[PDB]
Every structure is written in structure tokens, then in C-alpha cells.
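By letter and in written order, the chains are A, B, C and D; residue numbering begins at 1 in each of them.
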């Protein structure tokens, strides 16, 4: 894998979260120039400073802001001369049915989880078309099926999963492949803090019996951006240890 | 009499599948609330149905303030809501590169926000009647199209919102399902060229576009007691469109 | 619904099981001439004798036997002059992973659950084409997704679900619609005998919080055979109270 | 060295995607067992690979007695099995009305029974290595075709067997997944007329048939440590074929 992404420019939104950092490190190890784009400063600055000098840069972005996103994509292309890979990894979650969640909760979910993927993809694509680059969306198993108690989140991830399909049809023939990863439970500080009773309920539904490490999702992002994935287009790859392979029946 | 004295709220009721649903539910005894932003069109449909059993509301379903008011006024005036058909929708053709931010806001406002808001504000009333929701999604929410990116994102949202809300509310006696039509003979597609429409007859195994009555028929079924164990389903009404793996005919 | 299937000939395989009997009664109530086809005699004889005289007949069939199935379909067509509806409702289940289940278990699952649908559909179709009739397959949620501990059964029901699609493409344009119902847990003597701990685990996965009555599955079969389903072709309708609408995550 | 000294059993290894997998796994350090009923073809592939690191088995995978023997002999002789590629397959074109009971038995024997039997008899060995299975399914197992009914039933079985076995064995450290190609340039499709093949370039967004190496690449990925959290997945390698809702292009 040494040199798989040598001198490729990889723009990573939501670069300051577990999967974002793992993606930045994996692509960086394989020779990429990473742009770590996030709202928050501290996390992406710390990651960028850990990576080879001149091969990583941190930016502030609100992915829900189309004017800011267009500017970021054009400045990155101007400064680095190219964009090869977009990882749409920004995310917000809010828990609840539509009865437990507000219009504001909807706007927060929709702005980042839907509008961010639409805007970053639309404004990166002209650059990707020049390099025959690709997009990898961070969707979710929550976009392939429903959850109890995350209605707006499921709507937004459902939008990303089907937008991945539609855009793959629109652009794949012009040499830009568009795919998603659909993770389940990812080991984070939030999941490390869960009681055993909660964590055991999740592990029972996943045949592999554990949460994904963020490196395990990053690995699939790197594969989907690689020449080995040359015939994978419009795919929403479950990275879920078997979660969505079930018909919903309990394990007996 | 399948829907005798059931209150049925139908968005996009002034034309096409909404109008066809209004007539079908009305014929089966429903009191029908016809919601549309096309005022002349929805007034004409309302006036065509039996007196005292149909009322028109001039509303943009993208507007949460207008939607909350409609749902509460309907519930107050008629005493109940039994069925919501989230049918109002608009289409725009093109990739994200050929369609504007404004095109996105129009698609998202009607096709996603409308469904979210109407569902949210009807649900407290549906819980009292053990009522149901039927969303008009599309095959374009079960898979992608060439040249309708924003529309596909919006319909994808409707398909998975259908699933999530069914898990949330099915246990409290409110079933939530969708219909997913392919080509239907309506104002939405009557501008589409013969080249495109003829290819649908190749991609749809039944070899024709659907009549709007044929989707209305499935909406009525999904709201009926015969659908008592169907929940969170996105029912293709597509003559076989989504049954295909995408391959052209092998022979 | 009085007269919806007036004088239509409805051939029901596996007519002696819960869903079969419920289908026979529902179609019979709506005016159909029912042929109740099953291996076993007592159950279908009792149902046929309960239904209007001259409007129900019981037959013995092994649906896994192509020679016997061709003969049954041609004799029914000759005797009644027509076939309008085929309900492929025969089934066997065997529990276990491929490590816990034998070659014989595979042959038993495959013969009835796959070969029966292939053979009955192939030999009924010439008759269905004359009436512009339809097929409704009894598939399962176990054909739309996997189970723990029913590997062969899941393979066979997966075959029925995709054969439903393929045959719908082949025949829908010649006026024979082909669809399936995909039930979850159906209330039977087997499920009535389950301990509360087992039944509670099933009910938790189903948003409606209960097993389907066989009448509730029969209702969907009758709909799929009706003129109201004129544009439904190649569909595998979940009749599962929400079971397959889940992404597999536990309810919290 | 990704597969250094891993034993990889490949059915249908004498041609097409099987042969391409044998060469790819061999280049990455695997010892490759090439199983095929085409004896000259699989012997030529085996003889092309590094001495001591490839062996041919002349076997009909539809035969459970032959398959159990192969799996146990391979395990005894090489001490282990790390990867099974259930790739052997045959195609027949036609509806059930145009294809015979014998056509069915041939399709089912190879395309279903072969996968069931090879999986069943390799699994005890894979459990010892925390190995994996990659099934060659098809888009024709994720949806239907016009004119390949028996093939679609068989591939549908492979797709859902992949899911069920992943739930059964994933917890014991054996991942089970499939690749689902659309049109690939192999002996299976080289007889298909230009009319049909040209329409695939329309239905596949990438606008071409796959090279067999492009599916072999995904087989190697699914057997690799990078796929450590992918289990029960049916991965489309189809240039977009199944991403479509079936509709022809909208513009």
C-alpha cells in the first residue's frame, strides 16, 4: 500500500472525528496530501501537525454553507493544483422520533448530513472530473434501514445513500466514481462510555460481536478510492460486521 | 364504505395521483381534505365531490407554520384525522452540475420537508384514531436516476423516513408505508420527450406508464384493514422497474 | 370484496397449513373456485368440505415432483377450463447452520421451497397466460435477509424472492403479474407453544409488537391477485409489522 | 505478500474471473488450489504459476462426495485452508418456458449446490484459520433479468446464503461475503450478441464491460485484513448497474 495515493489531494470533511482522523492517517501513510476540513480547529490542527510537513493542511468549514464550500473547493484546487478524492465525513446525530425532535433538530441534521454532501460533491466535482478522481460518502447503516428513535437522522442518511447512487450514474461515465461506506456502531468516546447492558445489546445484533474500529472504516474508504475499486460505482458498502445482513429476526 | 367517515388528508390533491386518491377515498365514504398550492385546481376537485364530504386547503407543504395550523384546524373542525397521504411533490431534471442551489431548496422543501412536517403535525391526531400514513415516494427513492440527483436524494429521504417512523409509531397503532411508482401519466412527466417515455416501456416489464388510478388503488389498500400487518414497507408500483438488476434483456 | 374473484380458478399449494387455509377461505368468500393442493389429505379435505359445494376441491401433490406437478396443472385446467391464480404456499423449514444441517436437509428445503415454486410456476403459466392471471409466491422475510440458524432455508427463500423478480420481467408484459408475500412470524400451533422469553424476543424486533395472523397474509395475497394491484409486478411485499424496515440495530 | 502462505481454494479457476483470482492471489504470495471440471484449462493455469505454490483439482463442484474429499485432502496435504472463492458457475438464457428441467438441474447443481457444498466442507478448516469465503454471486442475484430465470433463482440463493452464513459464522471469526458483478469479459458472455452487449454500455454508468481482473481485485480485498469489519455483504462490482432504479436516463 506504500505509495497507493502518492501526491493525490484528498479533501476530508468532518476530519476532526474518529473516522476522519483514521482516514487522514491511512491516506497520509499511502502518500496522499490530506486537507483536513472541519468546523472545529483543535482536533484537525493536532492531526495535521502529526503528519509529514507540507503533506497535511487544516481548514475551517461549515459544510452546510454552499458559498463557503464553493470557496474552499476552488482555493484547495488553486493552492494544491488538483483534487483527487473527496471524503464526505461530516456528520451530526440527534436522538428521537419526529415527536421528540424539533424543526431546529431537523435543520441541524439536514444542513450537515444532506446539504453538506450535496454542496461538497457539487463544488468538488469540476476538480475531480479533471483528475478522474472519486467521492466516498460516509453514509450509515441508518441510511440503508430505519432505527428506533432517530427519524430525522435516518431520513438524512437515506438521502446520502440514494444521492450516492444518482451521482454515480451522472458522473461515473465521465470518470468520477461515487460510493459510500455505511458503518454501524463505531468505537468512539461516546460508545466507550456506554453501560455493559447497552453495549451487549449492540454486540448481539452484529455477528462479529463488537463495534468497528474507525481504522476498519477508513480501510474501506481507502479501498473505494483505489484503482482496485475501478468497477465499483454507486455502491453503498456496509461496514457493519453483518448488522444489515439480518432480516430483523432476533438471534436464538 | 371501506373509508366511511374516515378523515383523509391528501397533499397534492389538485392533480394526478393526489386527485385520483381524493376520488378513490371519496367513492369509499371518506371525508377528504384536499391540500394543494394550486388553488383553482384543488377547488375544482373539492367541488366535484359530494357536498359536506370534501374541503380544499390552499397551502405550501414546505411551510411548517402553515402545515401545523392545517393539521390542528382539520382535527378541530372534523374531530379526527385517520389517514395522511404525503403526495405533494415537484420534479427537476439534471445532475447536481446542471441544477442550482435554488433547485435543491425547491426539491428539498416540498419533497423532504413537506413529508417530515405533515407527518410530524398529523401524528398526534393519527395516534388518537390508530390512523396511518402513506407517503408517495418513487422508484427514484429506492435507486438512482441518470439526470435527477436532487429528486433522488429527496425521495431517498422519504423511503428511509418511512422505515424509521414505522419503527417509532407502529407499536402505538400508527402504520407508516410508502408507494414507489415508476412512470405515471401526470403533469409531473407530460413534458418528458417520447425518446425517454418510449424507453420506460422497455424498462417497465408491463410495457406502459401507470394510470394515476393504479397508484391510488395501492394507497387505498395501504390505508385499509387488509394492510393491518404491513408497516415500514416501500411498495413498488412500477410494473417491474425495481425488480430488474439494471441489465438490459439477456435475450 | 363480494365477487372480487367470482368464478376465478385459484390453485393453492401448501393449502393445508395456516396461511393456505386462510387464503382458501378469503378467495372462496370472494367468489373463487379453490383447488387445495397439498401432500397431506386430512387438513385440505376438512377445509374443502367447509366451503360451498362445487366451489372447492382437494388434491394430493408433491410440488418437488415436476412430472406430478405438470399433470396436476393440466388436469385442473382441463376439469375447470381455466387457471386464474397460483399461490405457491408449500413450505418446509429446518433449523441450523450448514454445520448443523445435512445434505438431506438441503434436498428437503430445496425440493419443496425452490423446485416447487419453479415447477408449479412453469406448468401453470401456459394456463395463466390464457386468462391474464397472476402468481403470488409465499416467500419470507428469510428470503429478503439472513437469519441466525436457518442457512439452507434462507438460501431457498432467497431463490424464491429473486425468481419472483426474474419471472415478473419474463411474463408481466404477456399479462401475467408475478409477486410474493414475505411474512415474518405467523401465529401457528408452533408459535402458540413457544415460551414467553422466546415470543417476547420476536415481538421486540417487530414494531407492531405481535405475530401476524394468517388472515393478515392471506389479505395481501388476495390484494396482489386483484385488479387494484394491476401495476404491481416483481414485488416482494413484506408482511412483517416492520421487521425488515430495521437496519438491524437493537431497540433502545 | 498480503496472502503470504495462505491456502486459497478457487472453484472455476481454469478461466475468466477464477483464473484472474488465481493469478492475483498467487502474485500476493498465496498457495492456490485451482478446482475446475475443465481439466486442460485449469492444468495450464496451475502450470503458469510458481512451482510448489499451485495445484489443480479436476472436480465437478455439484458433487458433494467429490467436494468433501477435495476439502479434506487439501487441508491434510497443505495443513490449512484460509480462503474459499465459490466462483464456478454456468449460465443458461431463457424464461422458465424456454428452459428445460435439465437446464434447471444444471444451473441449480453448479450455481447453488456447488456454493452450499464447498462452503459446508471448507468451513471446519476456515474456522481453524479464522479464514473467509468470497462467493461469486451476480447482480442477477440482487435483482431479476429478462431471459435468465433459473440463473436468477440460483444467484438469489447465493446472495441470501452469503447473508445467513455470515450471521452463523462471523462470531467464530469466519467472514462470508460475495461479489456481484454485472457484465464481465469472460467465456460466460463472449457468445452474447452485440445488440445485448451494447445495451450493457447504456445500463452500466461506467460505459463498458468489466475486465475479470477488476472483480478479482475486489475478491482479494474481501479476503484481506482491510475487509476485517465487512461481513454478510453482497458487494456490487457493476459500474453502477444496481445503483439504478431501472428507469432509462431522465435527460
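By definition in this document, a residue touches a chain if its C-beta (ideal position, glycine included) is under 8 Å from a C-beta of that chain, and two chains touch if they have at least 3 such contacts.
S.K.: In angstrom, rounded to a whole number, how far apart do the mean CA points of subunit C and subunit D lie?
M.R.: 31
S.K.: Between subunit B and subunit C, what is the gap in Å from one C-alpha centre to the other?
M.R.: Averaging C-alpha atoms per chain gives centres 29 Å apart.
S.K.: Cα centroid separation between subunit A and subunit C, in whole Å?
M.R.: Computed from C-alpha means, the inter-chain centre distance equals 42 Å.
S.K.: Which positions in subunit A touch two or more other chains at once?
M.R.: 142, 144-149, 164-166, 168-170, 234, 240, 242, 244-246, 251 - these are the residues of subunit A that touch more than one other chain.
S.K.: Looking at which chains touch which, would you call it a line, ring, star, complete or other?
M.R.: Topology of touching chains reads as complete, every chain touching all others.
S.K.: Okay, what are all the chain pairs that touch?
M.R.: A-B, A-C, A-D, B-C, B-D, C-D
S.K.: Quick check on the complex: what are the subunit A residues that touch subunit B?
M.R.: 66, 97-99, 103, 106, 110, 114-115, 118-119, 121-122, 125-126, 142-171, 234
S.K.: In the complex formed with subunit C, which residues of subunit A make contact?
M.R.: Subunit A reaches subunit C through residues 140-142, 144-149, 184-185, 198, 201-202, 204-206, 240, 242-252.
S.K.: Any idea which subunit C residues touch subunit B in the complex?
M.R.: Residue list for subunit C touching subunit B: 164-166, 168-170, 172-173, 177, 183, 207-209, 212-213, 216-217, 219-220, 222-223, 227-235, 237-242, 244-246, 251.
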